[PDB]
S.K.: 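Below is the structure I would like to discuss, written out as structure tokens.
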12 protein chains.
Amino acid sequence: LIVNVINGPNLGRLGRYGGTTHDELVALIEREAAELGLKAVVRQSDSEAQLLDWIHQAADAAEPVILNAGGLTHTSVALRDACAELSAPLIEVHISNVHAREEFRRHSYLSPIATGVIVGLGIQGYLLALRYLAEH
Amino acid sequence: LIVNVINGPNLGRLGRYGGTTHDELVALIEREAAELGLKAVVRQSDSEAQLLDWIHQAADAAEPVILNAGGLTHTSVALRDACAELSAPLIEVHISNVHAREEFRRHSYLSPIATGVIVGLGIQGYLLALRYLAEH
Amino acid sequence: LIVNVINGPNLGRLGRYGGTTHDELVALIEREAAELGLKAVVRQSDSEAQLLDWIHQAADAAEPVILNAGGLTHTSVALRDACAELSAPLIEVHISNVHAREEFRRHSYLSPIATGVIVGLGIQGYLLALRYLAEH
Amino acid sequence: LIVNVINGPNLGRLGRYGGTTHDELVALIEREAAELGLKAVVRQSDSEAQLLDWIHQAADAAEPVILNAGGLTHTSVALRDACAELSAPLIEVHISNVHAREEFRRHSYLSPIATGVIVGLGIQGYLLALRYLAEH
Amino acid sequence: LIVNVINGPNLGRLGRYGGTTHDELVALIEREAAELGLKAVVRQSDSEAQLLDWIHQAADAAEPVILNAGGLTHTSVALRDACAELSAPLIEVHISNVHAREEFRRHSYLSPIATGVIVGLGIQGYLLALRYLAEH
Amino acid sequence: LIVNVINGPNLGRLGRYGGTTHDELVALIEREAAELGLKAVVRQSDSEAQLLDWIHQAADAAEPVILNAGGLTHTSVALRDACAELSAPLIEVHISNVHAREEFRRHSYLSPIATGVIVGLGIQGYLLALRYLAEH
Amino acid sequence: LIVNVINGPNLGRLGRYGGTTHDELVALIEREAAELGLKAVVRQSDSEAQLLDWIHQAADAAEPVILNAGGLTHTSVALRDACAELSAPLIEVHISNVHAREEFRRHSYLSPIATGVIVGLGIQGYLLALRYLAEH
Amino acid sequence: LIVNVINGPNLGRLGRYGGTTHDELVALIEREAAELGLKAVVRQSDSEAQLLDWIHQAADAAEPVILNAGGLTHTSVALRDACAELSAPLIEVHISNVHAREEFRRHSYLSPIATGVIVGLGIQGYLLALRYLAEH
Amino acid sequence: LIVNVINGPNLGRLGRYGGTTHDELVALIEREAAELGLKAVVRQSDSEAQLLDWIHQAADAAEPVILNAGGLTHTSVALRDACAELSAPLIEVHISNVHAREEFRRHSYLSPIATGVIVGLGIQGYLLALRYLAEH
Amino acid sequence: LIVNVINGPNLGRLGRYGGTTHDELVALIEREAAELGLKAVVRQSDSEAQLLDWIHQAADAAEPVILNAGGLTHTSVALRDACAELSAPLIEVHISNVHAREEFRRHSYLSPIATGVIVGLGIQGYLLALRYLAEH
Amino acid sequence: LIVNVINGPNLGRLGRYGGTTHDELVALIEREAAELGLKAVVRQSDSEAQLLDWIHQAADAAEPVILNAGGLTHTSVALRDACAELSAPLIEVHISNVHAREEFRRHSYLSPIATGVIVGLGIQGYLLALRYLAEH
Amino acid sequence: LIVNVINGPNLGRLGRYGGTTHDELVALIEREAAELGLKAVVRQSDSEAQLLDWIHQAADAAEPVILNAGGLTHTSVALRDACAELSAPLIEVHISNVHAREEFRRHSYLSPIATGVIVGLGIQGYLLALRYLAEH
Ligand SMILES: O=C(O)[C@]1(O)C=C([C@H](O)Cc2ccccc2)[C@@H](O)[C@H](O)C1
Ligand SMILES: O=C(O)[C@]1(O)C=C([C@H](O)Cc2ccccc2)[C@@H](O)[C@H](O)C1
Ligand SMILES: O=C(O)[C@]1(O)C=C([C@H](O)Cc2ccccc2)[C@@H](O)[C@H](O)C1
Ligand SMILES: O=C(O)[C@]1(O)C=C([C@H](O)Cc2ccccc2)[C@@H](O)[C@H](O)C1
Ligand SMILES: O=C(O)[C@]1(O)C=C([C@H](O)Cc2ccccc2)[C@@H](O)[C@H](O)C1
Ligand SMILES: O=C(O)[C@]1(O)C=C([C@H](O)Cc2ccccc2)[C@@H](O)[C@H](O)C1
Ligand SMILES: O=C(O)[C@]1(O)C=C([C@H](O)Cc2ccccc2)[C@@H](O)[C@H](O)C1
Ligand SMILES: O=C(O)[C@]1(O)C=C([C@H](O)Cc2ccccc2)[C@@H](O)[C@H](O)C1
Ligand SMILES: O=C(O)[C@]1(O)C=C([C@H](O)Cc2ccccc2)[C@@H](O)[C@H](O)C1
Ligand SMILES: O=C(O)[C@]1(O)C=C([C@H](O)Cc2ccccc2)[C@@H](O)[C@H](O)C1
Ligand SMILES: O=C(O)[C@]1(O)C=C([C@H](O)Cc2ccccc2)[C@@H](O)[C@H](O)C1
Ligand SMILES: O=C(O)[C@]1(O)C=C([C@H](O)Cc2ccccc2)[C@@H](O)[C@H](O)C1
Ligand SMILES: [Cl-]
Ligand SMILES: [Cl-]
Ligand SMILES: [Cl-]
Ligand SMILES: [Cl-]
Ligand SMILES: [Cl-]
Ligand SMILES: [Cl-]
Ligand SMILES: [Cl-]
Ligand SMILES: [Cl-]
Ligand SMILES: [Cl-]
Ligand SMILES: [Cl-]
Ligand SMILES: [Cl-]
Ligand SMILES: [Cl-]
Ligand code: NA
Ligand code: NA
Ligand code: NA
Ligand code: NA
Ligand code: NA
Ligand code: NA
Ligand code: NA
Ligand code: NA
Ligand code: NA
Ligand code: NA
Ligand code: NA
Ligand code: NA
Ligand code: NA
Ligand code: NA
Ligand code: NA
Ligand code: NA
Ligand code: NA
Ligand code: NA
Ligand code: NA
Ligand code: NA
Ligand code: NA
Ligand code: NA
Ligand code: NA
Ligand code: NA
Ligand code: NA
Ligand code: NA
Ligand code: NA
Ligand code: NA
Ligand code: NA
Ligand code: NA
Ligand code: NA
Ligand code: NA
Ligand code: NA
Ligand code: NA
Ligand code: NA
Ligand code: NA
């Protein structure tokens with residue numbers, strides 16, 4: 001029933017990844033979750049510690065997480081280790097196709113511990129992740 | 001309207017990636033495509049040349065492709081170059097989480113030229129790809 | 001009782017790896033298998049898909065395989081994944097000593113999933129593999 | 001007198017490497033070979049096994065080969081080993097400048113066993129290879 | 001007629017590579033060599049210098065060697081250089097499949113200078129090596 | 001009409017790459033250029049600065065260059081940057097097959113900025129380059 | 001007119017990079033900016049999120065940034081992506097010569113997206129950056 | 001007399017590294033420090049900036065630090081540079097054996113600047129570090 | 001009760017790692033073990049085979065080992081494989097901080113199979129290891 | 001008082017790095033040096049030996065050098081070793097941002113021995129270097 | 001006056017590095033040392049521990065060492081660390097040109113701690129080392 | 001009888017590698033060569049082309065060369081290829097121990113084609129090379 005959507009650094013700047021703003025994204029996700037009979041809790045922080053605290057709470061609550069970690073995807077072992085604690089599914093989401101850009105973006109610390117990964121499908125990636133979780 | 005789902009080597013062995021057989025997968029995909037108002041053409045070959053011919057035809061027809069290339073994902077430049085010709089969207093799909101296994105599976109020749117990539121969501125990955133294409 | 005000997009690309013050219021022709025090799029293997037009280041089914045193809053189909057059938061039949069994949073040894077993830085399905089033993093055979101040539105020949109995708117590997121013992125390698133299987 | 005021109009995967013799509021179609025290329029090559037007093041046999045396949053069979057026949061016939069292997073250039077040890085059997089000259093041809101694109105295209109399994117290599121001169125590359133062979 | 005079987009570090013601990021003890025292995029090898037009409041001299045040391053001395057003596061005597069060097073396989077240039085002096089055949093044997101474990105075990109200093117290599121066939125590997133030498 | 005043929009270090013030693021001397025090469029190139037209706041200006045220096053000055057002048061004159069840079073092929077960023085200024089075609093030529101020798105010769109700083117590359121066709125490589133330029 | 005000088009982790013410890021304190025640095029920068037007819041806004045944080053927020057505000061305001069990111073220079077993709085949004089110039093500044101120390105300090109995620117980089121000129125580096133911006 | 005024990009990201013989750021909670025760990029450390037005649041100040045944060053501030057204060061106070069940085073061990077140059085300022089001893093502690101897990105955990109930015117490192121001894125690692133400092 | 005302290009090559013030279021001699025170290029260790037209610041058996045050899053024999057005996061006796069292997073730490077697969085047999089705890093000890101010196105010293109073949117590792121705490125490292133074992 | 005500005009290969013082509021010609025650059029530098037109360041001696045050569053001779057003379061005279069070595073930046077150990085002799089400051093200058101182009105341009109042999117480095121600030125880089133030296 | 005010449009594994013096999021036997025080498029070295037007014041003590045062992053003991057004794061005696069370590073050159077950190085203790089000069093000698101063979105022979109653990117290195121000058125290398133030491 | 005001693009870039013600066021000047025070195029070498037009954041021709045240039053010309057002349061004259069190429073040792077394929085033409089012996093000499101400094105100095109393009117190499121023995125290295133050549 002409850003799903004956590006957690007966005008990391010710079011994702012608050014979506015729109016200004018253009019068109020949709022983060023506020024719009026939250027509204028889309030919430031609308032879509034309601035139709036699926038889920039409740040989406042969508043949060044964004046540029047702070048790794050804040051991110052880690054949200055993940056810790058999903059781990060304690062055994063709630064699933066859809067995570068778009070931004071740059072921390074490629075850099076943060078700490079974030080990986082927090083997510084490795086999740087017992088419910090973890091879907092890694094990237095808006096952009098991370099394999100079509102700089103080589104360094106083709107490595108994720110999260111993918112190996114995620115249930116699955118969706119990249120390059122834009123913001124619909126989040127909606128598709130919600131739908132996976134509604135079937136699982 | 002028409003979407004090509006193309007599965008590469010070993011994908012004919014799904015079930016015996018267990019539970020669902022390839023015949024079941026075809027039926028699921030077709031059922032789901034019909035609901036979305038699409039027509040899914042689902043094919044599987046262990047032959048790279050056969051794969052290439054299907055991709056060539058999608059390129060000529062400007063039809064979208066959902067491709068799960070199996071091992072060729074990690075090895076075939078030829079397949080990449082055929083897919084690079086597609087003008088409609090190309091969604092790379094892996095059933096398994098390719099980042100949770102051998103290191104060599106973490107590189108795809110296809111990802112950089114794909115619209116996007118879905119891994120580790122099982123066969124629902126294909127359904128989710130269909131839904132992306134129904135919105136695009 | 002039944003053992004599959006599968007030879008991959010270029011192995012049909014043995015003799016023209018000189019002296020023994022592939023037809024001779026088949027006759028040697030069959031003669032030796034009969035003495036061991038086995039039946040050897042020996043096949044060769046330059047087609048990866050044909051190879052994969054033979055491996056699929058050995059997997060379904062739970063028959064052991066002696067495989068000399070030729071160049072695909074060093075390149076084919078698809079072949080590896082088909083062989084990874086075998087429940088009976090898989091003996092990788094190379095006629096030449098692959099460690100005494102180009103560096104790229106020193107990596108095999110097959111070895112990690114094989115029961116064992118025999119290289120550099122010429123065609124007797126196949127006979128020795130048959131003898132292993134006759135004890136196991 | 002007889003020269004084999006062998007084109008690998010995707011080369012059948014030339015034109016749709018734009019302008020000249022493969023049929024046009026065949027006609028150019030044949031016209032040019034006739035002027036040189038050679039007979040050009042020009043073939044294309046997306047199938048590696050078909051390619052290998054053509055190379056095997058050039059090896060048996062001691063005929064020279066001009067080979068544009070497409071993506072297999074960068075991936076196929078099997079193809080290399082077939083070509084390594086050729087006793088007549090082997091000219092590797094690429095239409096595009098393979099050194100001006102992705103890093104992975106800068107490695108060829110064929111170059112070390114080829115007589116020589118022509119890249120980036122477009123389809124005239126094939127004509128220039130024919131002319132080399134007419135002097136050798 | 002005479003064949004040297006030389007086992008390196010830790011191979012004296014076989015059994016405690018379980019089931020068969022080194023004493024058992026010696027008895028198996030000797031029994032099998034007698035049937036083949038050979039005399040097997042089987043020795044084991046954890047000392048590299050002792051190993052080197054045995055190899056030096058096989059080189060002086062032009063006797064073949066079956067060598068399972070244990071960890072030194074992956075580390076000892078000195079051992080390689082002693083074995084490179086052997087004029088009779090050198091068969092490298094590993095009980096375990098060295099390609100199915102840690103990456104560092106996939107490199108052998110010995111393979112490039114060995115006649116051939118047998119891995120992963122258990123102690124039967126030694127018997128199979130003896131049989132090769134009985135045909136050569 | 002005017003084409004610059006520029007040879008770098010050690011190419012003055014051709015003959016003593018044996019048979020043809022550099023003087024012979026110049027005469028062959030000039031003879032062949034005349035037949036093609038071109039004027040070939042052929043120069044050789046062991047001095048990088050001299051080379052750079054010739055390239056600068058071809059850049060100012062918008063004249064094409066056939067360049068065999070010798071060892072500088074593999075080492076000189078300065079030479080690359082001078083050649084990157086050429087607006088007319090740049091054909092990189094190597095007499096020897098640089099892919100059949102030391103690994104370090106398989107990298108060229110020039111190839112990525114050249115129109116194309118001809119290697120391993122001996123001195124005919126230069127003639128073939130002239131012919132390309134006569135068609136372009 | 002307005003220029004942002006942003007210092008990252010540990011830069012608050014300057015002096016205790018010795019002699020000048022961060023307070024002194026701020027006073028130098030402000031004095032120098034006034035002479036140039038600019039207004040310098042100088043901030044320091046050990047918090048990446050705080051840094052990111054400052055960069056976001058410079059991006060919204062189209063103000064130039066002089067950034068000395070400290071260790072995050074070498075580690076933070078998130079910081080890079082925030083800076084990649086800046087439309088005004090971005091000058092990366094390091095007090096120390098990062099190429100004269102540990103190898104890991106020779107890579108910057110920022111340099112490729114910066115207008116330019118000044119290292120090893122001490123705190124005068126900041127003054128020199130201000131002067132660049134006063135001319136641009 | 002005073003020793004700082006600083007724990008980084010995720011270490012607040014110890015117990016839920018299982019059995020002992022962080023509160024228990026603090027009590028153990030304090031009990032043990034008292035017996036040694038030291039005062040242990042034990043702190044934990046998921047925030048790098050908070051960590052850096054604690055390290056800065058130990059540097060100003062010339063107090064020793066026992067640091068278990070969690071994932072930042074493997075990623076944070078900023079943390080390293082703060083710790084490099086410590087004039088009193090710095091003992092790096094890991095509860096788990098970081099060399100028995102993923103390859104990326106086998107590199108620490110901290111070790112080269114630490115006095116020493118204790119890994120894999122569980123929470124007793126902290127007690128053992130305290131005892132080192134009580135002798136130094 | 002019984003603990004084996006095993007020192008490898010060059011450790012007999014401690015003092016001439018200065019101050020304490022190996023004889024002193026033995027006396028310290030023995031004194032400390034007695035206080036802990038253990039018996040320490042402390043041995044040193046420059047011979048790998050001797051080392052291996054001691055490890056074999058600890059494995060047979062299920063006694064714990066504190067091992068400072070010296071240079072063999074970084075080189076000996078054989079030693080690793082002997083230690084991998086230990087069923088009681090194995091504590092790797094280095095006197096010096098191996099991460100503050102040459103890069104090659106930052107890899108240990110032993111760490112992945114050790115219970116834990118203590119480096120850079122001088123000879124107190126051994127005492128601290130004894131204390132760990134007295135609690136386990 | 002006297003400062004040497006030394007430009008390496010291809011820098012004589014500035015303008016035809018566009019807009020400003022090398023003659024203009026010399027005039028700018030001289031004008032700016034005069035204002036600073038310095039005398040700038042500005043030289044350019046495509047010859048490494050000429051460069052080395054200028055550096056040798058600055059070393060003998062203990063004069064500072066601003067060096068833009070062009071491609072030799074990335075290739076010349078000889079140049080580095082000459083510059084390593086300079087006792088006065090050495091400022092490495094690049095007009096372009098060398099970190100925003102080909103990977104090979106991100107390594108400089110000069111940076112580790114330079115006082116500092118300015119890249120990507122265009123020709124103002126030279127003026128800014130002069131100003132550094134006027135303060136030092 | 002006294003110089004130690006120490007030869008490592010396989011060097012006892014010189015002659016059977018052909019022509020001169022080790023006994024001959026000893027006689028040459030002794031003859032040459034006498035002429036130089038030195039006393040040469042020449043020893044050879046295939047045992048690393050024996051080697052280490054000889055080096056330890058040269059360190060205690062502050063005697064110079066000429067060392068040809070054979071394969072251990074490329075493998076033994078232990079040997080390096082013993083030699084690093086020598087206060088008198090250490091000349092590394094190789095009979096063969098180690099840079100003209102396998103890539104792995106181009107790395108020596110000894111060179112960085114040696115006074116100097118002579119390779120490829122055959123046994124005269126030892127005589128030349130003696131002469132260096134007679135001048136130093 | 002005649003031996004060429006060729007010194008490359010920066011070697012003209014010896015003394016200002018301190019103590020002995022290049023003029024002194026020439027006098028030492030000449031004095032020593034005369035005693036050996038040789039004639040030493042000693043030359044130095046900072047110009048690669050000049051170096052190449054000297055090597056070409058030694059190749060034509062079949063005279064031996066002692067070469068200290070300075071930085072070009074590590075960078076110049078052109079120089080290597082000129083030296084590869086020498087039919088008489090080529091001794092590579094370095095004054096400094098190139099293995100005790102920066103990693104990049106541990107690779108020589110010359111060593112693989114040299115007869116032998118002497119490093120780290122100072123200027124006596126040249127004298128020792130002369131003595132080798134006087135015996136060969
Ligand atoms: O495609 C993604 O969703 C991705 O996770 C996001 C980012 C950054 O947040 C990029 C970014 C930059 C500016 C505004 C919003 C997002 C990148 O750091 C990642 O590489 C990929
Ligand atoms: O997860 C996937 O969908 C993937 O594309 C599939 C394969 C292989 O087909 C694995 C396989 C093996 C046996 C039967 C069916 C599929 C693997 O080669 C790829 O690495 C990943
Ligand atoms: O030694 C082998 O058996 C091996 O599997 C075979 C090949 C190729 O088939 C080589 C080859 C080439 C020509 C004719 C027959 C075989 C090589 O591709 C492999 O590296 C090694
Ligand atoms: O330039 C070439 O001739 C080359 O051999 C060809 C290809 C592919 O065939 C590219 C391709 C793609 C689509 C249609 C035709 C050709 C690429 O795979 C190779 O990297 C280079
Ligand atoms: O499989 C083998 O035969 C192999 O040569 C043996 C070893 C070691 O001896 C492993 C070992 C460990 C304990 C007892 C006996 C053998 C390993 O060092 C090698 O990697 C592989
Ligand atoms: O094949 C070539 O044309 C090539 O450019 C030439 C050289 C050198 O000039 C080799 C050489 C050596 C001696 C005389 C003439 C040429 C090599 O440096 C390059 O690797 C290849
Ligand atoms: O030279 C710089 O300005 C640099 O950005 C700064 C740092 C750190 O902040 C180093 C540091 C450490 C302690 C106090 C102040 C600064 C290093 O992390 C970077 O590698 C280089
Ligand atoms: O073993 C350690 O103490 C280590 O420092 C800790 C971590 C993480 O904090 C792991 C972690 C994960 C969840 C809860 C607590 C700790 C890992 O990031 C490090 O690799 C090793
Ligand atoms: O710090 C250690 O205890 C270490 O195990 C020891 C050594 C060597 O034994 C160094 C040495 C050298 C001379 C005398 C005693 C010890 C080094 O080989 C290892 O890298 C580290
Ligand atoms: O940006 C620079 O100043 C740099 O030093 C210069 C060059 C070359 O000289 C590029 C060049 C090319 C053509 C004309 C002038 C300059 C490049 O070789 C370097 O990578 C960077
Ligand atoms: O050239 C040398 O002197 C060298 O030290 C010696 C060896 C070995 O001892 C080679 C060897 C092999 C057989 C008999 C004698 C020597 C090789 O291990 C080294 O790579 C080089
Ligand atoms: O030790 C040598 O003889 C060496 O060949 C010389 C140099 C340079 O010439 C170093 C140098 C620098 C200044 C004056 C003289 C020599 C270095 O470039 C090489 O790495 C080593
Ligand atoms: Cl990972
Ligand atoms: Cl790719
Ligand atoms: Cl693998
Ligand atoms: Cl290759
Ligand atoms: Cl090897
Ligand atoms: Cl390049
Ligand atoms: Cl980058
Ligand atoms: Cl580090
Ligand atoms: Cl390991
Ligand atoms: Cl460098
Ligand atoms: Cl080293
Ligand atoms: Cl080389
Ligand atoms: Na929630
Ligand atoms: Na999990
Ligand atoms: Na979308
Ligand atoms: Na279709
Ligand atoms: Na496309
Ligand atoms: Na599913
Ligand atoms: Na069958
Ligand atoms: Na299996
Ligand atoms: Na055989
Ligand atoms: Na034909
Ligand atoms: Na051939
Ligand atoms: Na063309
Ligand atoms: Na014997
Ligand atoms: Na041999
Ligand atoms: Na067995
Ligand atoms: Na001209
Ligand atoms: Na151009
Ligand atoms: Na030719
Ligand atoms: Na502002
Ligand atoms: Na920007
Ligand atoms: Na300053
Ligand atoms: Na405190
Ligand atoms: Na410190
Ligand atoms: Na514990
Ligand atoms: Na004991
Ligand atoms: Na164990
Ligand atoms: Na201590
Ligand atoms: Na001057
Ligand atoms: Na200097
Ligand atoms: Na400018
Ligand atoms: Na002695
Ligand atoms: Na020393
Ligand atoms: Na000699
Ligand atoms: Na001469
Ligand atoms: Na030669
Ligand atoms: Na000297």
Side-chain angles (χ1 to χ4, degrees), chain C residues 6-23 43-55 67-83 92-111 119-120, chain D residues 4 6-10 12 43-65 67-88 90 92 98 102-115 117:
Chain C
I6 300 184
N7 283 320
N10 302 312
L11 271 316
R13 311 281 296 162
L14 280 177
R16 296 150 213 165
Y17 11 65
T20 315
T21 68
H22 195 274
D23 275 2
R43 324 199 234 6
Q44 188 279 319
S45 183
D46 292 339
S47 167
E48 178 165 69
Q50 180 58 99
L51 294 180
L52 292 187
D53 181 61
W54 296 327
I55 303 288
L67 174 64
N68 181 349
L72 298 179
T73 306
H74 317 296
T75 65
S76 180
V77 173
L79 184 55
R80 172 195 178 111
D81 291 345
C83 292
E92 179 183 2
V93 170
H94 303 289
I95 289 162
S96 73
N97 184 347
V98 299
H99 302 289
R101 302 169 68 186
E102 301 94 326
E103 174 65 26
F104 64 79
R105 290 189 207 277
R106 312 194 56 183
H107 177 259
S108 174
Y109 280 110
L110 301 167
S111 305
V119 317
Chain D
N4 297 291
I6 300 184
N7 283 320
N10 302 312
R43 324 199 234 6
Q44 188 279 319
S45 183
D46 292 339
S47 167
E48 178 165 69
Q50 180 58 99
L51 294 180
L52 292 187
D53 181 61
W54 296 327
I55 303 288
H56 297 326
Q57 294 178 45
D60 285 342
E63 288 167 357
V65 172
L67 174 64
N68 181 349
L72 298 179
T73 306
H74 317 296
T75 65
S76 180
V77 173
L79 184 55
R80 172 195 178 111
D81 291 345
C83 292
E85 258 204 296
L86 295 170
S87 64
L90 166 67
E92 179 183 2
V98 299
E102 301 94 326
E103 174 65 26
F104 64 79
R105 290 189 207 277
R106 312 194 56 183
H107 177 259
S108 174
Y109 280 110
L110 301 167
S111 305
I113 54 74
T115 305
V117 192

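Atom set for the values below is all heavy atoms of this structure, side chains included, hydrogens, waters and symmetry mates excluded. Proteins get letters first, then strands, A, B, ... in listed order; numbering begins at 1 in each.
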S.K.: So how far is it from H107(D) NE2 to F104(C) CZ, rounded to the nearest 0.5 Å?
M.R.: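 Going from NE2 on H107(D) over to CZ on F104(C), the span is 7.5 Å.
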
S.K.: Answer with side chain, backbone, both or neither: which region of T75(C) has an atom nearer than 4.5 Å to a non-hydrogen atom of chain D?
M.R.: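 Side chain of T75(C) only, per the 4.5 Å heavy-atom cut-off to chain D.
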
S.K.: With a 4.5 angstrom heavy-atom cut-off, is it the side chain or the backbone of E85(D) that approaches chain C, or both, or neither?
M.R.: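 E85(D) touches chain C through side-chain heavy atoms alone.
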
S.K.: For the atom pair CG (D53(D)) and OG (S47(C)), what is the distance rounded to the nearest 0.5 Å?
M.R.: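 Nearest 0.5 Å value for the CG-OG distance: 12.0 Å.
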
S.K.: Who among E48(D), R80(D), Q50(D), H56(D) has the most heavy-atom pairs with chain C under 4.5 Å?
M.R.: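 Ranked by contacts with chain C, first place is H56(D).
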
S.K.: Sort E102(C) into side chain, backbone, both or neither according to what part of it lies under 4.5 angstrom from a heavy atom of chain D.
M.R.: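 Just the side chain, heavy atoms under 4.5 Å.
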
S.K.: Counting only non-hydrogen atoms closer than 4.5 Å, can you tell me which residues of residues 9-16 of chain C sit against chain D?
M.R.: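 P9(C), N10(C), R13(C), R16(C), listed by number.
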
